[PDB]
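**Q** Just add 2 to the spot in the sequence shown (first one is 1) and you have the authors' numbering. For each residue, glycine too, the CB sits at the ideal point set by N, CA and C. Sharing a structure with you now.
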Amino acid sequence: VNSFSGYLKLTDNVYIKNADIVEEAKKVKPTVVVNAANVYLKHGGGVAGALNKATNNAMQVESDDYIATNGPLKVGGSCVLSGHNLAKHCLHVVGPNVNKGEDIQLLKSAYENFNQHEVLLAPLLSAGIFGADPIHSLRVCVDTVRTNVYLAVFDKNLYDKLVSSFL
Ligand SMILES: O[C@H](c1ccccc1)[C@H]1CCCN1c1ncnc2[nH]ccc12
Ligand SMILES: [Cl-]
Numbered sequence: 003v004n005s006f007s008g009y010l011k012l013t014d015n016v017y018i019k020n021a022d023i024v025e026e027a028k029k030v031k032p033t034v035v036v037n038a039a040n041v042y043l044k045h046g047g048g049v050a051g052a053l054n055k056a057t058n059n060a061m062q063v064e065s066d067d068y069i070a071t072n073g074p075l076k077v078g079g080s081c082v083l084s085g086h087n088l089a090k091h092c093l094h095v096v097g098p099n100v101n102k103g104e105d106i107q108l109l110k111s112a113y114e115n116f117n118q119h120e121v122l123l124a125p126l127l128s129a130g131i132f133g134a135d136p137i138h139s140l141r142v143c144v145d146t147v148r149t150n151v152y153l154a155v156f157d158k159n160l161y162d163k164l165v166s167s168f169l
């Protein structure tokens, strides 16, 4: 039993809810919140900008030190950093940004990072401003993640389409 509330169950291990991931994180304080990161951990917009704003820029400060030490992530890769005031940990995961020409096949590799954590709150990778089809992203999620994932979809109109079209 966990404290996630109001999710629709899609499969044995995947759940979904129309919700602002920032507001969800502040309520649940999950062990792991997933950020829709880029390789530079520059949290400018989308989910990343919103999560960072909610940490009063502490996420960005920590991220800049991470990059200075380690260099950029790989597309499809991840790192674990602090969750600050939102969660115990933040798993920064880089899905391909179609608007940069990045290989959509890397979306499965990106979701594989979730399997290193038993329970996660997360957005649909590569969706929104990353330019991929959110319906496709949900399919890859369900077919790749085996751990328990609670998906927050910000756009209510998009949420309804994802549910109604889910196979
Ligand atoms: O799939 C969502 C989406 C939202 C709008 C249009 C298309 C897709 C992702 C991708 C872009 C942002 N987003 C979010 N998801 C959950 N919580 C969020 N808080 C702030 C942003 C955000
Ligand atoms: Cl985003």
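Are there any heavy atoms of ligand 2 lying less than 8 Å away from the beta-carbon of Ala-112, as far as the coordinates show?
**A** Indexing the sequence shown from 1 puts residue 112 at position 110. False, no ligand heavy atom lies under 8 Å from that Cβ.
**Q** Could you give the first and the last residue of the continuous alpha helix (DSSP H) run that contains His-138?
**A** Along the sequence shown, read from residue 1 onward, the residue named residue 138 stands at position 136. It spans 136 to 146 - the alpha helix (DSSP H) in which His-138 sits, taken as one unbroken run.
**Q** What are the start and end residues of the beta strand (DSSP E) that includes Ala-38?
**A** Reading the sequence shown from its first residue, position 36 is the one you call residue 38. Residues 34 to 38.
**Q** May I ask you to verify whether the segment 103 to 121 touches the segment 55 to 66, counting CB pairs closer than 8 Å and requiring at least 3?
**A** The segment 103 to 121, when compared against the segment 55 to 66, does not touch it at the 8 Å Cβ threshold.
**Q** Would you report the Cα separation of residue 1 and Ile-137, rounded to the nearest angstrom?
**A** Any answer about residue 1 is impossible in this case: the structure gives the chain only from 3 up to 169.
**Q** From what residue to what residue does the beta strand (DSSP E) around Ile-18 run?
**A** On the sequence shown, position 16 is the one that residue 18 refers to. Run containing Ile-18: 16 to 20, per the beta strand (DSSP E) assignment.
**Q** Closer than 8 Å: is that where the CB of residue 221 sits relative to any heavy atom of ligand 2?
**A** No answer is possible for residue 221: the residues shown for the chain start at 3 and end at 169.
**Q** Which two residues bound the contiguous alpha helix (DSSP H) that contains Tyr-161?
**A** Stepping through the sequence shown from its first residue, residue 161 is reached at position 159. Start and end: 158 to 166.
**Q** At the level of alpha carbons, what is the spacing between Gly-47 and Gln-107?
**A** Counted from its first residue, the sequence shown places residue 47 at position 45. Counted from its first residue, the sequence shown places residue 107 at position 105. In a straight line, the C-alpha of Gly-47 is about 23 Å away from that of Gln-107.
**Q** Looking only at its chain, what residues have a beta carbon closer than 8 Å to the beta carbon of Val-96, apart from the 5 residues adjacent to it on each side?
**A** Here residue 96 refers to the residue found at position 94 of the sequence shown. Closer than 8 Å at the Cβ level, and outside the excluded window around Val-96, lie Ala-39, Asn-40, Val-41, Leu-75, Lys-76, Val-77, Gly-78, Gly-79, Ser-80, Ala-112.
**Q** Comparing C-alpha positions only, which one of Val-142, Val-151, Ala-154, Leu-122 sits nearest to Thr-33?
**A** Translated into the one-based positions of the sequence shown, residue 33 becomes position 31. Answer by Cα proximity: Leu-122.
**Q** Which term fits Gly-130, buried or exposed, when burial requires 16 or more other beta carbons within 10 angstroms of its beta carbon?
**A** On the sequence shown, position 128 is the one that residue 130 refers to. By the 10 Å Cβ count, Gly-130 comes out buried.
**Q** If you check the beta carbons only, do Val-30 and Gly-85 fall under 9 Å apart?
**A** Counting from 1 along the sequence shown, the entry for residue 30 is found at position 28. Counting from 1 along the sequence shown, the entry for residue 85 is found at position 83. Cβ distance not < 9 Å, so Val-30 and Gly-85 don't count as in contact.
**Q** In this structure, what does DSSP give as the bridge partners for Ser-80?
**A** Mapped onto the sequence shown, residue 80 falls at position 78. Partner(s): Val-95.
**Q** Of the choices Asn-87, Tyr-9, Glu-104, whose alpha-carbon is the least far from that of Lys-28?
**A** For this step, residue 28 is matched to residue 26 along the sequence shown. Minimum Cα distance to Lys-28 is reached at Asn-87.
**Q** Could you have a look at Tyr-152 and say whether DSSP puts it in helix, strand or coil?
**A** The residue given as residue 152 occupies position 150 in the sequence shown. DSSP places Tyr-152 in strand when its eight states are reduced to three.
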